[PDB]
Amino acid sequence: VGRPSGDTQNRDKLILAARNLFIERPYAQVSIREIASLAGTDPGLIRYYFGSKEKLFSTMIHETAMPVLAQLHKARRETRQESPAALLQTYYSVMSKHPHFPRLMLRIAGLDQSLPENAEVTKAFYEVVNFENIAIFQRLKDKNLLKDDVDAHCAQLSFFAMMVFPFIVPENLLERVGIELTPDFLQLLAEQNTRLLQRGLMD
């Protein structure tokens, strides 16, 4: 779009390269030299634009997340006071368009958060996921809306699993059980899991 300067292109090349050496490839100490070689830029531009490799990665996480979170927020404006079903339906609708986002988030979440090399990326991660309704079944239990013997932690965990796991499972394994995660299948799956959750946990 438009006629970007070499300078802004270079900046965006670095952020793209960071995103790819995360979605597609290497682990911890990918060097500055390697990111810059993938981007096709002077390695000095990482420190110039971002100060550090860690800030390049956190900046990539925010930029990657911004439109995803905007879409989910827009999708959820329409929906009802905490309804597990609505959260799951809108999650599927948005992650249908951003199929790699859940696996990226889960990968970041698995970093060793005790290591100082990971503090900046971890701070970014928790900011990005701060929208999550991590006690929704606790609230439902307290409003007496769950079956009497339902445990909120267990309900929450199984909800989290049905929502997120489809996007984390390798395509190799979905194919093996006859599934492709098309928009149509995710629409069926939203409908099916809505009913599993209602009949399973609510009354």
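Throughout, we count residues from 1 along the sequence that is shown.
Comparing 157 to 165 with 31 to 39, the stretch with the higher mean C-alpha B-factor in the PDB entry is 31 to 39. Per the PDB record, of the two stretches 22 to 30 and 41 to 49, 22 to 30 carries the greater mean B-factor over its C-alpha atoms.
Ranked within its chain, residue 143 lands in the highest third, by CA B factor from the PDB record. Per the deposited record, the Cα B-factor of residue 150 falls in the middle third when ranked against the other modelled residues of its chain. Among the modelled residues of its chain, residue 109 has a C-alpha B-factor that falls in the middle third, as given in the PDB entry. Split the chain's modelled residues into thirds by C-alpha temperature factor. Residue 2 is in the highest one. Ranked by C-alpha B-factor against the other modelled residues of its chain, residue 175 falls in the lowest third.
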